[PDB]
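First, one chain by itself in structure tokens, the form deposited in one PDB entry.
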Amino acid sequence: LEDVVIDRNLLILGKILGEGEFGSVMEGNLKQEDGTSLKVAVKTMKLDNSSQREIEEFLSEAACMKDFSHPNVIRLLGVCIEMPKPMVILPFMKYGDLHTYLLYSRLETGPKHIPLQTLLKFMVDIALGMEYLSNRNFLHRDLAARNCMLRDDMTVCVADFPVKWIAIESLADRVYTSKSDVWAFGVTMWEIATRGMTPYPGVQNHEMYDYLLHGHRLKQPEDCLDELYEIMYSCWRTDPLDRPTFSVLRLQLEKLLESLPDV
């Protein structure tokens, strides 16, 4: 390990961009190899320090996360050790998460009304990032629009900072395969096609399993294309193996998006 470690001195921690319970995310400046300072985000992570199963998996996840390279996967820039607390350094993205962005578009003073085409490109991007991740047998386990970042070029990159995003096979059985990510991708798709509606309006959290096991699914949004909804519906098939892979979904959406005219 430690090929992903940056000397603490190199990191200036600013204000908190959001506080959770097992971690906080702050803005920061990283002094790079070439003298320049990059704007970074820094997630302070609280591990179970009674053992090392959290720590040793922590460095080890970042270990191969560093070796990732994909425009639709957020880049790990490194980790810091402060004494003890670990913290993960990613490039800052002024455009924030996609979920918040979808809500902002609904405001006259916010970004322009997102055309259907851009929404599709949003989902193409996420699928590209997921295809890369699954073709390396990497399981995300928190896919949602709140976990998708907007790079400065307005492309989307997958990240990982929720019962309504969890696949029915994962709620009763404790399991998570790539097909489970695919299910969350369907909800993420629906979260995007609705421009930020909470999944399953009128259904409570504790009723999710009963709702899903009786065979009910997320509902076609008011003006969602029929082809687009059948793609997202295939993500929720009762049996994990009957669902498509991210590679297959990525090309369905690419084909659907190119069927539409421009902007």
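Residues that one form lacks are left out of the comparison. Sequential numbering from 1, following the sequence displayed. By rigid core we mean the largest C-alpha set that fits within 1.5 Å across both forms.
Separately, the form deposited in another entry exists; it is not shown, and the next lines address it.
With the rigid core aligned between the shown form and the other one, only one of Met208, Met65, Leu59, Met26 has a CA shift of 2 Å or more: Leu59. The rigid-core alignment places the CA of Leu225 less than 2 Å apart between the shown form and the other one. After superposition on the rigid core, the Cα of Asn49 moves by 2 Å or more between the shown form and the other one.
In contrast to the form presented, in that other deposited form the C-alpha positions of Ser170 and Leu47 spread farther apart by 3 Å or more. Regions that shift between the shown form and the other one, defined as runs of three or more consecutive residues whose CA atoms all move by 2 angstroms or more after core superposition, comprise 1 to 3, 46 to 61.
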